[PDB]
Structures are given as structure tokens and as C-alpha cells.
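1. sequence first, structure after, both from an experimental entry:
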Amino acid sequence: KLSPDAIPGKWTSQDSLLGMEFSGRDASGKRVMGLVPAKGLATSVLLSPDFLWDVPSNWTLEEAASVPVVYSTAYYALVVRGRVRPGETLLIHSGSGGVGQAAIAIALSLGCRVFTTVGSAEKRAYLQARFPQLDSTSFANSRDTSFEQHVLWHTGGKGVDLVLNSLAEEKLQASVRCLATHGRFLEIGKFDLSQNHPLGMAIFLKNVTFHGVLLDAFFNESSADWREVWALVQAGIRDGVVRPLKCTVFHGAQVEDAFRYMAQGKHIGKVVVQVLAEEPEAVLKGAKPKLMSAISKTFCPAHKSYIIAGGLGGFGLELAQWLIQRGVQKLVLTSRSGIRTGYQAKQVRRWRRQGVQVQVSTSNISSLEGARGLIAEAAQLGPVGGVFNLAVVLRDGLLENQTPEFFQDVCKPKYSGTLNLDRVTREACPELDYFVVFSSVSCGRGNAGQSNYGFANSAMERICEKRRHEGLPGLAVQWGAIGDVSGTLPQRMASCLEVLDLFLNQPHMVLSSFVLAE
Amino acid sequence: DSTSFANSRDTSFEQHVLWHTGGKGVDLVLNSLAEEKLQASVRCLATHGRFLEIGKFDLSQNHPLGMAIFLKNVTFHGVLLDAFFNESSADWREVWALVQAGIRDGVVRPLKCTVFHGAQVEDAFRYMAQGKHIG
Amino acid sequence: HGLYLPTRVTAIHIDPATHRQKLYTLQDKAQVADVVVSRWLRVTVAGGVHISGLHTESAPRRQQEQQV
Ligand SMILES: NC(=O)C1=CN([C@@H]2O[C@H](COP(=O)(O)OP(=O)(O)OC[C@H]3O[C@@H](n4cnc5c(N)ncnc54)[C@H](OP(=O)(O)O)[C@@H]3O)[C@@H](O)[C@H]2O)C=CC1
Ligand SMILES: NC(=O)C1=CN([C@@H]2O[C@H](COP(=O)(O)OP(=O)(O)OC[C@H]3O[C@@H](n4cnc5c(N)ncnc54)[C@H](OP(=O)(O)O)[C@@H]3O)[C@@H](O)[C@H]2O)C=CC1
């Protein structure tokens, strides 16, 4: 229901955007509960210390998993934006929900009169148990617009000072009518805001401050303003106001069950996932989290350098874009003519602006000295991590019109280049962990009139097989027809990159991929 | 400075502010204009902006306001000074203190004044009605 | 990244007379209209068309994945 890009901050990760809070151990073994823009549901997280509280002694790590997001948003909404003062009467929607409970806890501490809207009778009873200060006249129905009349009755018709609205459509309009003179309306939802629904300005004749609250802004900007909310949450924790919510603990192996349980919408409190059990020790100063079985997907370090021969070509640019998304920050792209088109210039400038240390070169891998120069440049950037070989020269024609010169030209970029790269990589590339060369289905199946292409591709496969036998990385991928950049319909670039992600992890040597016509 | 002026009878201040502010906008806006120009002013708010409305025409007529602006942390304020005369004196003392502090600190300067005698009250009303007065 | 479709446009102004005036013939027989996008001012101008306040929302892929 929500596009991943809607999350603030240009992530582009295309995955791992499913978490917001956690409670675990710091690198020193300290018990900490944190707040992260994304990538929360994981066995580890990389968070700045400005988003990490300390779990007190009473709390258990299970309880601490609920406080951060809910209490941060409640505090930022009320204290820092609504400037709530003691004695006021504020309306908080969806009391059972986490933010509702946090807001109720904050308000009652100051002394306010609280109106809450719940969904059923069980939630009403639970909230009565939690907060004895709430009377029977402090509840309404949240599934209809009848809370308007209730609040307008028990308030004498004067309304309320604050409205922590989280409902949409007609119910939002009803909440606005409950406001009082000098009122303050705090919108934490994102549906009516997104749809650009109209809001009658007549309400402002009465002094009204219609706020729009998005806590997600702080995570990526406005670091100066954050420390106010952090100080407020810490003060609440030490003073006793901030109380952990109810939790329903699921295990890591059953996360889908937790998601479905949430989707049913029958949870009162918070739903939590137990990635790893808490030890009885106060400070375990452990080494690593327990290992688990996870689907494999490729990533790259930052100190490694990567080389793409013929990277300025069609497939080369898309593969380079893919690699950058996986952490590559030092690249070498080889072409005989360098940059000569607009698309190449656009891509290289974009990557340089992103921070990557791109560097085009004219070191023709066909000549062994050129291969040594290329590897030397890559080293100058940093240790050579991987080498890709996407060079090709095409001189097609039936064997009748073929000549030895055409064979030599077609096989120089691919046959000779791969050999030179292999020799140099063995000589002076000890940290290399990828060696990929791109072949064509013609090598296996045989496409009429591409004999030299077949011979060049077939050689590249033997070198890769031999490398993998001696314990070294090696892989020859046999592609069909790449579409965006035989009886095999072309292939989209996205599908090709997904298949490549699959291939780099397999233990085999030569793998192929194509799409069957009809 | 010379780059800080625009035109108040046209919707062109939108482009001027956006260009000179780098496309970000203005953090705080004090608006006293009509419908099209109010909409123009709203499009000038930056993230974490604030909109101070002192006019009445749009508020009285209940013109629609798009709620998409609040995706940013914009805060919309309806400022009416009359509320103090009827209640909230304890709050009015804060503004009183602000004005007194400004006066004693020299920030508060008197405006340029045009004087009409008591017998000529009608002429004063006509002159202000024309709209050429400054001060 | 991903495909984005228009959802809202704050204002579009079209003036065919000025449009015909703006057009200028290329060296080939084809006619061309220059275009400028000012992402700061949220305005796109080409010939006699003036689009302002264009809003595009991400659209989920149809995931037909016809290619397997
Ligand atoms: N300003 C911001 O950017 C932030 C936004 N928020 C918003 O605050 C609100 C509270 O979030 P959270 O604490 O997670 O609340 P929960 O998801 O735990 O509960 C929300 C409430 O909505 C009602 N509801 C009915 N059906 C469902 C359902 N299927 N799933 C969820 N709720 C349901 C219930 O209240 P009822 O009993 O009345 O039916 C429920 O308690 C949300 O709208 C959230 O988007 C939160 C933090 C930051
Ligand atoms: N995409 C496809 O349809 C399929 C292609 N393949 C293989 O996968 C790769 C895909 O790249 P592709 O789209 O063909 O690329 P291009 O069609 O753009 O051509 C190859 C690229 O490598 C460069 N190159 C060619 N020869 C040399 C050389 N001797 N030294 C340095 N650079 C060189 C070219 O630039 P310049 O000309 O300036 O040197 C160009 O950028 C190729 O290796 C191809 O053989 C196989 C199966 C399917």
C-alpha cells in the first residue's frame, strides 16, 4: 500500500526498509534502545549515537523495544509543537495504539483532561486498567463521527485545546470542529495530507495552529533540533513517565506470522520480534550475534577496487550502476575511445557527484602490458577486488566472406584479453574475489554466421573453468539478447541483473540465461 | 539590500523568492493578501516553515486550502490580536513585556506620521481611503 | 527511480498565437520548440505552453514479469 520511495531519504536500497526501532547491545555490550530511519528489522544496525538511549535496570530488552518511536513522536507532537501546558483538555485518537498510549501517559503526568477514542470495549477496559485517572466520560467511539458530539458535550461546547489527530477523511473534519479558541491541531497521519484534501480556512478565525508533524524528518536532517526530543525522552525515562507498552513477542523464524497478526489489526499495544534472546548478564561484551541462514545476495567492500573492461558500452554502464548500488566506491572503466556520447557523460558525472571514485582509462587489455597498467591503476585506487570483461568486437558473416583478420579482431578483446587478465590477476591480485566474463548463447547453441564470436566466447569459458579448478574465482555467463541496452526474445535489464545476482553466488562455472519466444 | 524587494500587486513574488532563496523557500511568512496571492505565498514556505496569517478575507470566506503543504513540517498560524482584549490577559502581558523591552532597547521606532486636526477627521478618513499613505 | 505518473498540476497556461510565434523551423523540414525546466521555480515552458506545479507519485510496477 506504500511505495518504498515515499520514505524520506534517498535510500535506493530497494530492500531492507521494514524497520524503525530496536533494543539490543552496543558495541561495548551496553544495553541500548535506538531509533533508525530504516533497516530496523535486522540482526545488526549502523546507527549514530545520537539515536541511542540506555535501557535502565528495571527494564528488560523485550520491554524496551516499544518506547523509542512512540514516545519520541508523542513528545515531539505535544511538548515541542503543541507546547502543552498543565490543566488543558486534549483529545487523543486511537488510545489503544502505541502513540495514543504514549500521549495519554504524557498528558496525565502534566494534569490534563483527556478524551480518547477507542475501537471496541476490550480496548476501553484495557485503557481503564492502565490509567485509573480516566473516567467513563473520557471515552468515545473511533469508528464513527460520534466523538464530535461527545467532546462538544462534556467540554461545555468550548471544545479542546489539542487534537492529536490520526484519522482520515470525514473523521478528520470532525476533529477540526472539536478545536477550541487558541487550539492546536497536530496531524500525524499521512493520507489526507498526501491526497491534498481541502481544509476550510474559517477555522482559523478562531486562533488555531494547524500543525503537520512528521518525525521522519529528523532522522535525515535537522540534527540540531533532535536533541530536544532526546532530552525530553530521557527526562521522561528517569522520572518514570515513560512506561513500556504491552508486547506480543514473535521469534525470528516466524516473522511472517507477526506481520499477519499485525495485519489482522487485533493487537493491543505493540508487536515485537525476538531476533536474539537476552542473556542474564548485565554487560555481556559479546563478540558476534548468532549465525542464521539467510538468502545470499552480493555486496562489495569500500577498499576494494573493481574493473570493468568495456564498461562504457551498453551492458557495462548498467552493470556499473548495479555495482554502485552494492557499495562499490572505486571503479575503472576501459574503452578504446573514452567518453564519446552524452549518456556516458551523464552517468559518470552522476556517479562522481554521488562520491564514487570513477576513473576511465584507455589501457587495452588485449596487450599484456596494457593489462598490467590497468591492474596498476586499479591498485592505485585500492586493492583489486573483482574484474569483469564486457569487451566485444563484432565482424559477422558466413564463413565464405570470413578472413583471418576478422577472427583476430574478434578474438583480441575476448580471448587474448581474458588470458592477460588471468595471468596478471594471478601475478599481483591476491585479494581478488570476482572474475566474471560475459559470453553469448551462440557459444553453446550456435547462431549462424557468428563463427568468430563463438570461438572467442568458447575460449573465455575454458579459462574460467580452469581458474575455478585451481581454487580461484571464475565465472563465464552465457547471455542471450539484452533488450533495453536464436529464437530467444530479448531480455529486460532488470531481469538480467537479478539473474546475475543469482549467478554470482552459485558454485558452478558456466551458466546461461535467455527467454524463449512464445 | 536591493535584492530583497518584489511586487505586492502581482503573483510574481513567488518566482523572485524561490530564485533568490535557492529554491528552498522562506522559513517564516507574514501574509496579509488575497486569495491568489495567499496561495502564492503558501508555495514559498520551506521545510519546517511557518505561515502567519493576519488577513481576514480568505478566512472569512472559508476558501479551500490544500492540505498537501503539511507533508513538510509547515505550521499554519491564524493570528488575531483581538482575542487578548476579550480574554487571555495573562498571555497579553508577555506581548506587553516584549514591546516594553523593544522600546527600551531601541528596536521599536515610531512610524512616519501624517497629522490631521480634529475638525478635519473626514479629510483624514478620505486620505487613508485613497491608499497613498506611507506610515 | 521507477516510473512516476502525473497526479496533480497547479496551473497550465496555453496560448496558440504565441505558440506559433515561438516555433522555428530546423534545417530539416521539421519544426521544433525549445523547452526549459526550472526545477527551482517548478515551471516548465516550451513554445506557448507553461506548466507549473507538476506533482508525480511513484507507481507500483505491474510486475507482469512476462519474462521468466
Ligand atoms: N508524525 C509521524 O510521522 C508519525 C506518525 N505516527 C502515526 O501515529 C499513529 C499511531 O501509530 P502506532 O503507534 O503504530 O499505532 P498502531 O498501529 O499500534 O494502532 C493504530 C490504531 O488504529 C486503529 N486500528 C484499527 N485497525 C487497525 C489495524 N489493522 N492496524 C493498526 N491500527 C488499527 C486502532 O485504534 P482504535 O482502537 O481506535 O481502532 C489502533 O490502536 C499512526 O497513524 C502512525 O502513522 C506515528 C509516529 C510518527
Ligand atoms: N548484450 C548482449 O546482447 C550480449 C552481449 N554479450 C557480451 O556481454 C557484454 C555486453 O556488452 P555489450 O553490450 O556487447 O557492449 P557494446 O556493444 O557497447 O561493446 C563492447 C564494449 O566494450 C568496449 N570494448 C570493445 N572492445 C574493446 C577492447 N578491445 N578494449 C577495450 N574496450 C573494448 C566497447 O567500447 P569501445 O568500442 O570504444 O572499445 C564497448 O563499450 C560483451 O562482452 C558481449 O560480448 C554476450 C551475450 C549477449
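-> Alright, I've got the coordinates. Numbering: from 1, shown residues only, chains lettered A, B, ... in the order given. Ligands and ions are numbered 1, 2, ... in the order given.
2. does residue A:131 really touch residue A:108, like I thought?
-> Yes - checked against C-beta atoms under 8 Å, the pair residue A:131 and residue A:108 is within contact range at 6.1 Å. Where you see a C-beta, it was placed from the backbone N, CA and C, and this is true even at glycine.
3. now the residue nearest in space to the middle of chain C, what's its secondary structure?
-> With distances taken as C-alpha atoms, centre = their mean, residue C:44 lies nearest the centre of chain C, 6.9 Å away. Secondary structure, DSSP: H, G, I helix; E, B strand; the rest coil: residue C:44 is strand.
4. how near is it to residue C:23?
-> Per C-beta to C-beta, to the nearest Å, residue C:44 is found 17 Å from residue C:23.
5. kindly report the same for residue C:61.
-> Taken as C-beta to C-beta, the span from residue C:61 to residue C:23 is 37 Å.
6. do residue A:518 as well
-> Residue A:518 sits 46 Å away from residue C:23, going by C-beta to C-beta.
7. between these two, which one's more packed in?
-> Taking neighbours as other C-beta atoms under 10 Å in any protein chain shown, residue A:518 and residue C:23 compare with residue C:23 leading, 12 against 4.
8. test my guess that the more buried one contacts residue C:46.
-> No - with contacts counted by C-beta under 8 Å, residue C:23 stays clear of residue C:46, the gap being 10.3 Å.
9. what residues do these two have in common as contacts?
-> Shared contacts of residue C:23 and residue C:46 (C-beta atoms under 8 Å, 6 or more residues apart in numbering or on different chains): residue C:33.
10. pull the distance from stretch C:55-68 to the chain's centre.
-> Offset of stretch C:55-68 from its chain centre (C-alpha atoms, centre = their mean, to the nearest Å): 21 Å.
11. now do stretch A:162-182
-> Using C-alpha atoms, centre = their mean, the offset of stretch A:162-182 from its chain centre is 34 Å.
12. can you dump the C-alpha coordinates of it into PDB?
-> Only the C-alpha atoms of stretch A:162-182 are listed here, as PDB (Å, rounded to 0.1, in the frame of the first residue of the first chain):
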ATOM      1  CA  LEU A 162      -5.100  19.900  21.400                       C
ATOM      2  CA  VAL A 163      -6.100  17.200  19.000                       C
ATOM      3  CA  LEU A 164      -3.500  14.500  18.200                       C
ATOM      4  CA  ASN A 165      -5.500  13.500  15.100                       C
ATOM      5  CA  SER A 166      -4.500  10.300  13.300                       C
ATOM      6  CA  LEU A 167      -7.700   9.600  11.400                       C
ATOM      7  CA  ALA A 168      -8.600  10.400   7.800                       C
ATOM      8  CA  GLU A 169     -11.400  11.600   5.600                       C
ATOM      9  CA  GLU A 170     -14.700  12.600   7.200                       C
ATOM     10  CA  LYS A 171     -13.300  11.800  10.700                       C
ATOM     11  CA  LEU A 172     -10.600  14.400  10.300                       C
ATOM     12  CA  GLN A 173     -13.100  17.100   9.500                       C
ATOM     13  CA  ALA A 174     -15.000  16.100  12.700                       C
ATOM     14  CA  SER A 175     -11.800  16.500  14.800                       C
ATOM     15  CA  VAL A 176     -11.200  20.100  13.400                       C
ATOM     16  CA  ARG A 177     -14.700  21.100  14.700                       C
ATOM     17  CA  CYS A 178     -13.700  20.000  18.200                       C
ATOM     18  CA  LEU A 179     -11.000  22.600  18.400                       C
ATOM     19  CA  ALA A 180     -11.200  25.500  20.900                       C
ATOM     20  CA  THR A 181     -10.100  29.100  20.700                       C
ATOM     21  CA  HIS A 182      -6.300  29.200  20.600                       C
END
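13. with adjacent residues omitted, what lies nearest to residue 37?
-> You didn't pick a chain, so chain A it is. Leaving aside its sequence neighbours, residue A:37 sits nearest to residue A:219 (C-beta to C-beta, 6 or more residues apart in numbering or on different chains; 3.7 Å).
14. hmm, no, I was thinking of chain C.
-> Using C-beta to C-beta, 6+ apart, the nearest residue to residue C:37 is residue C:44, at 5.0 Å.
15. relative to residue C:12, how far out is that neighbour?
-> Between residue C:44 and residue C:12 the computed distance is 10 Å (C-beta to C-beta).
16. tell me the contacts of residue 11?
-> Using chain A. Neighbouring residues of residue A:11 by C-beta under 8 Å, 6+ apart: A:4, A:17, A:38.
17. chain C was what I was after
-> By C-beta under 8 Å, 6+ apart, residue C:11 lies in contact with C:50-53.
18. tell me the secondary structure at it.
-> Of the three states, residue C:11 takes strand under three-state DSSP.
19. briefly note if stretch A:64-75 comes near ligand 1.
-> Yes - using C-beta under 6 Å from any ligand atom, stretch A:64-75 comes into contact with ligand 1 via A:69-70, A:73.
20. just checking, residue A:296 touches residue A:505?
-> Yes - in terms of C-beta under 8 Å, residue A:296 counts as a neighbour of residue A:505; the distance is 4.5 Å.
21. which residue sits closest to whatever residue of chain A ends up closest to chain C in space, ignoring its chain neighbours?
-> Here chain A gets closest to chain C at one residue, residue A:3, 4.0 Å apart by C-beta to the nearest C-beta. Nearest residue to residue A:3, sequence neighbours excluded (C-beta to C-beta, 6+ apart): residue C:58, at 4.0 Å.
22. same thing with residue A:500?
-> In space, and not counting its chain neighbours, residue A:500 is closest to residue A:477: 6.9 Å by C-beta to C-beta, 6+ apart.
23. C-terminal to the helix or strand hosting that neighbour, what's the next element?
-> Counting by DSSP states H and E, the secondary-structure element that holds residue A:477 is strand A:475-479. Where DSSP H and E defines the elements, the next helix or strand beyond strand A:475-479 is strand A:488-489.
24. any bit of that next one sitting next to ligand 2?
-> No - residues of strand A:488-489 contacting ligand 2 under C-beta under 6 Å from any ligand atom: none, with a closest distance of 9.6 Å.
25. quick one: that strand to chain centroid distance?
-> 34 Å.
26. quick one: is the following helix or strand past that strand near ligand 2?
-> Downstream of strand A:488-489, the first helix or strand assigned by DSSP H and E is helix A:493-503. No - figure legend: helix A:493-503 not in contact with ligand 2 (C-beta under 6 Å from any ligand atom); closest approach 8.5 Å.
27. what packs against helix A:493-503?
-> Packing partners of helix A:493-503 (3 or more C-beta pairs under 8 Å, 6 or more residues apart in numbering or on different chains; DSSP states H and E): helix A:314-324, strand A:475-479, strand A:510-513.
28. got a list of what the closest residue to chain B within chain C touches?
-> Chain C approaches chain B most closely through residue C:40 (3.3 Å), counting by C-beta to the nearest C-beta. By C-beta under 8 Å, 6+ apart, the contact list for residue C:40 reads B:18-19, B:22-23.
29. next, it: secondary structure please.
-> Assignment for residue C:40 (three-state DSSP): coil.
30. OK, contacts around residue 13?
-> No chain specified, so I'll use chain A. If you count contacts by C-beta under 8 Å, 6+ apart, residue A:13 has them with A:38-39, A:325.
31. try chain C instead
-> Residues near residue C:13 by C-beta under 8 Å, 6+ apart: C:49-50.
32. ok so residue A:385 is a strand residue?
-> Yes - counting by three-state DSSP, residue A:385 is found in a strand.
33. roughly how far does the residue of chain C closest to chain B sit from chain A?
-> 18 Å (C-beta to the nearest C-beta, to the nearest Å).
34. do residue C:54 as well
-> Using C-beta to the nearest C-beta, residue C:54 is found at 13 Å from chain A.
35. got the phi and psi for that residue?
-> phi -80, psi 130 (degrees, to the nearest 10).
36. wait, it touches residue C:4, no?
-> No - applying C-beta under 8 Å, one finds residue C:54 not in contact with residue C:4, separated by 10.2 Å.
37. okay, now the residue in chain A that ligand 1 sits nearest to: neighbour count?
-> Ranked by C-beta to the nearest ligand atom, the top residue of chain A for proximity to ligand 1 is residue A:265, at 2.3 Å. Residues lying near residue A:265 (other C-beta under 10 Å) number 7.
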